[PDB]
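A single chain comes next, written as structure tokens; it is the form solved without the DNA.
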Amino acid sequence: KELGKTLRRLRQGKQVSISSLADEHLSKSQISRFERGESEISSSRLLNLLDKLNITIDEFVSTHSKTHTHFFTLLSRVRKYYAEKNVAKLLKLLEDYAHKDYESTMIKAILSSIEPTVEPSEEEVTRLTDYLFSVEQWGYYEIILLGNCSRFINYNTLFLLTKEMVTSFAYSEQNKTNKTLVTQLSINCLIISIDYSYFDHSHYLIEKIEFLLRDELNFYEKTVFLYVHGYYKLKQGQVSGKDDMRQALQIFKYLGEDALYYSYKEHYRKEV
């Protein structure tokens, strides 16, 4: 493949020689043959090279040419076509992914928001939720599928899926990307539980979100959680919840986040 070309450019960018990288267990001929695309190298040997070069495996694959994952290739395209509300490109895209079950279900859920003829069937959603109940750990794939399809999942399943996601998601201490997404979807599920006064779920979600935010910055999620948690208190008769919601609005205004400000201020003039 072209993995060797990527390794050579990164190695030369750091002014590191092949000889300095090679040692008693991975030779210079093996590194060079890999860099020249004439030979393959094992996964453990590639990770050892990147460790010596102080390059994350995540930096290496994102530095590599266009070999984005099958999923992020679709996600990047679907986000482009949705930003332009291009229904024609989205259906051609849905046509190109008809052989992929969960992927086409997600495209239908996204496309339904801007064109009402399209929507995922309940059999398609259940196939997705069945899959999501079965996974050992929740990765970027599972999290994005849930977030883009949550409007078509009945609440009780959405809460159980949220509980599975919070207790078994894959995050690293160096890449908190999945942890941040899990927090946002947990807050979104907390919002719905408060709307229906399912305060048994709200109290559980508040505990998990507070734990997810511990030892983290995540000021956006804390601001949203400040509003949502205050919304929870207000619906339980605690008038102090109004102050938390107004403080969150103040943060949006202070940072010039006008879209979030009006989106949450409209929710505040409602329900009050």
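Note that residue numbering begins at 1 and tracks the sequence as displayed.
Only in words, not in the display: the form deposited with the DNA bound, which the text now covers.
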* To do: Report the stretch among 62 to 70, 207 to 215, 32 to 40, 220 to 228 that approaches the DNA in the deposited complex to within 4.5 Å, counting heavy atoms only.
  => 32 to 40
* Asked: Which one of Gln247, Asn48, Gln238, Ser27 is close to the DNA in the deposited complex, taking close to mean a heavy atom within 4.5 Å?
  -> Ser27
* Classify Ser263 as contacting or not contacting the DNA in the deposited complex by the rule of any non-hydrogen atom within 4.5 angstroms, answering yes or no. => no
* Asked: Is there a heavy atom of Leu255 no more than 4.5 Å from a heavy atom of the DNA in the deposited complex?
  -> no
